[PDB]
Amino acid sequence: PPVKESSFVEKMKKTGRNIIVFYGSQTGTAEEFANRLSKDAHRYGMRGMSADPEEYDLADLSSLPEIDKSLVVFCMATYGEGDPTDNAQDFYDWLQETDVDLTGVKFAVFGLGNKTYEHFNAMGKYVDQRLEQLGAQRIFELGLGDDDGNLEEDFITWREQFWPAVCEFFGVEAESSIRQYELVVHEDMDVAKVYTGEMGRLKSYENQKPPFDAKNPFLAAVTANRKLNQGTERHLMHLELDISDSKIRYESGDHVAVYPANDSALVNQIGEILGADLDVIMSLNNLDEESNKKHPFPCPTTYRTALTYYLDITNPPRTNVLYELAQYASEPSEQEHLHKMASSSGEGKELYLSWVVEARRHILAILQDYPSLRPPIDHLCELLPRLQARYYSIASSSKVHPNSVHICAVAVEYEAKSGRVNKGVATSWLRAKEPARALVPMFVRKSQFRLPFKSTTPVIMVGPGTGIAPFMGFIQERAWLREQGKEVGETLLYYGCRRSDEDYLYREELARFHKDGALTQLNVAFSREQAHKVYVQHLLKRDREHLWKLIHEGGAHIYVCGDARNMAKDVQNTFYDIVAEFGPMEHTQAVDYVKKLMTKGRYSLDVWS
């Protein structure tokens, strides 16, 4: 429970702001959009600020009308089971319980979500609906960003209509480059005051002190890092992180987050192509001395450290980044292409989508392919988004491994249409960790994916490929429960891989669990061992009769882990078909039945894409 700042409205009054944009963000996307809208205000003669709702009391919204022509915008992402982001949970709870009168308040909401998930943009939709129920008036339509298509474009389209709507309503009206930070180079800086990759307090990585979390990650020693797949088509790995003496608690189903380091070669080349000295110690200080965000990342620090541990230099740059960088491209045609990247349609948009996004060109690739583009290193560092932690489904049970967190991951490495080979940041970094000291900054995030409280409750686990991760923890635990003399209900695993001799993960361990009876059934779909595809859902359909018995009569809990794009939906459709045949009942009622299981905690998801 953080200590709330004083009234954001009073802050706005003292700083001359009329627009405030709150971000409900988990991996920084909403935060970036909010910063962009906040900065846009200036171009229309207004003034804005972005803010984390967790740091404030949104009840002060009722005082916003005290500021003339005021407006509040919410850029909100949705997470686990249509829930708010962790930083927006307090606001969400307040919205549900409050009865405050928001008459006079003007608002707009841009939701960030993904159509492949169950509750698409649930948080954005809720906030938009609730503020109106409380008496506030909507100044622009709810934006529904879909990350399954192209979120950046949905944001661009919405933003392009939003500002004119705001200008028309408030009777205001609308061209230069403005920086948020000023560069301060430090000649004789004490090393003790220089950040070298820590996320929170200076030297927190060196002097570890609990409790450990996102702000203060625990550096866990990699005690094991072995190749899991038999073949060489890809690289799947098993890692074991030593969390001894960290006081960290976890359960099977939770997630472990890690803070990686970017590839040194990429960092070196960015500095090289820009002709910058990456070992310069500096700070980027907010030109707005009132803001709580004094720096874009921990400072003072060297550009090398920033590019390595604090900045995202691998994902396709967003349109505002390319737009601001255009000024540094001396070739007219290149300046024109970069400027047009922010277009909401036409050739400029088509180029952004194909040449930047589809081609997966990162910032270095763009600097190389538009050779006249040579921005100063300090401004680039202010423009780049923050390097995010990566989440992995803990693949161990704390009942069996209380002092170790296991990770099952596939290394990301692919040929992009940009012509170069792109490497996943976290997986390339983890793959290179050699036991005995290889340390990994991490923390555990509690999830709602959990084994049944009653050991006798049957469990149906569906997790092809790396989706098997949490289930290794589940199986370890259920096995442990049997070894403890407890009565354990049926435990069925529906796993899938390409070929038994290519990438059958944990083949030996699973064989052992099956032989010992920890696994009532080990159903494996080898998708490429025959001409037709054989997937986990084909096996579920095969066992429809028994599964229905377990679900309708045995109160079984279903778990689906892995690909959220196609697998999760195909599996869900199969469960619909099963319920529809044995209920019996029409598709519509089958869908409703399965939806209910989810609300009753008997159908859990741990999917990603």
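One-based numbering along the sequence shown. Superpose the two forms; the largest set of C-alphas matching within 1.5 Å is the rigid core.
Trainee: Do the Cα atoms of 415 to 423 or those of 185 to 193 sit farther, on average, from the shown form in 4 other deposited structures of this protein after fitting on the core?
Mentor: Greater root mean square C-alpha distance in 4 other deposited structures of this protein: 185 to 193.
Trainee: Taking the root mean square of C-alpha distances over all structures and residues in 4 other deposited structures of this protein, with a rigid core superposition, name the larger of 208 to 216 and 339 to 347.
Mentor: When 208 to 216 and 339 to 347 are compared in 4 other deposited structures of this protein, 339 to 347 lies farther out.
Trainee: Counting only other entries that model residues on either side of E290, is it left out in at least a third?
Mentor: Per the records, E290 is modelled in all the other entries.
Trainee: Considering only other entries where residues before and after it are modelled, is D501 without coordinates in at least a third?
Mentor: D501: modelled in all of the comparison entries.
Trainee: How many missing residues of the deposited sequence lie between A174 and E175 in the entry, grouped as none, 1 to 3, 4 to 9, or 10 or more?
Mentor: The entry has a short gap there, with 1 to 3 residues left out between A174 and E175.
Trainee: Residues with no coordinates between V191 and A192 in the deposited sequence, how many: none, 1 to 3, 4 to 9, or 10 or more?
Mentor: According to the record, the chain runs unbroken from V191 to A192.
Trainee: In the PDB record, does 402 to 410 or 79 to 87 carry the higher mean Cα temperature factor?
Mentor: Mean C-alpha B-factor is greater for 79 to 87.
Trainee: Would you determine, from the values in the PDB entry, which of 200 to 208 and 259 to 267 has the greater average C-alpha temperature factor?
Mentor: That would be 200 to 208.
Trainee: Would you mind checking which of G473, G424, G496, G346 has the top Cα temperature factor in the PDB entry?
Mentor: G346 has the highest C-alpha B-factor of those listed.
Trainee: Going by the deposited entry, which of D312, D369, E290, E153 has the highest CA temperature factor?
Mentor: If I rank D312, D369, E290, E153 by C-alpha B-factor, first place goes to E290.
Trainee: Sorting by Cα B-factor within the chain, modelled residues only, which third would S70 end up in: lowest, middle or highest?
Mentor: CA B-factor rank for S70: lowest third.
Trainee: Classify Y92 as lowest, middle or highest third according to the C-alpha B-factor given in the PDB entry, relative to its own chain.
Mentor: According to the entry, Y92 has a C-alpha B-factor in the chain's highest third.
Trainee: For the chain shown, is the CA B-factor of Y56 in the lowest, middle or highest third of its modelled residues?
Mentor: It falls in the middle third of the chain.
Trainee: Pull the Cα B-factor of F582 out of the PDB entry and bin it into the chain's lowest, middle or highest third.
Mentor: Highest third, going by the recorded CA B-factors of the chain.
Trainee: By the recorded C-alpha temperature factor, relative to the other modelled residues in its chain, which third is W480 in?
Mentor: For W480, whose C-alpha B-factor we compare with every modelled residue in the chain, the answer is the highest third.
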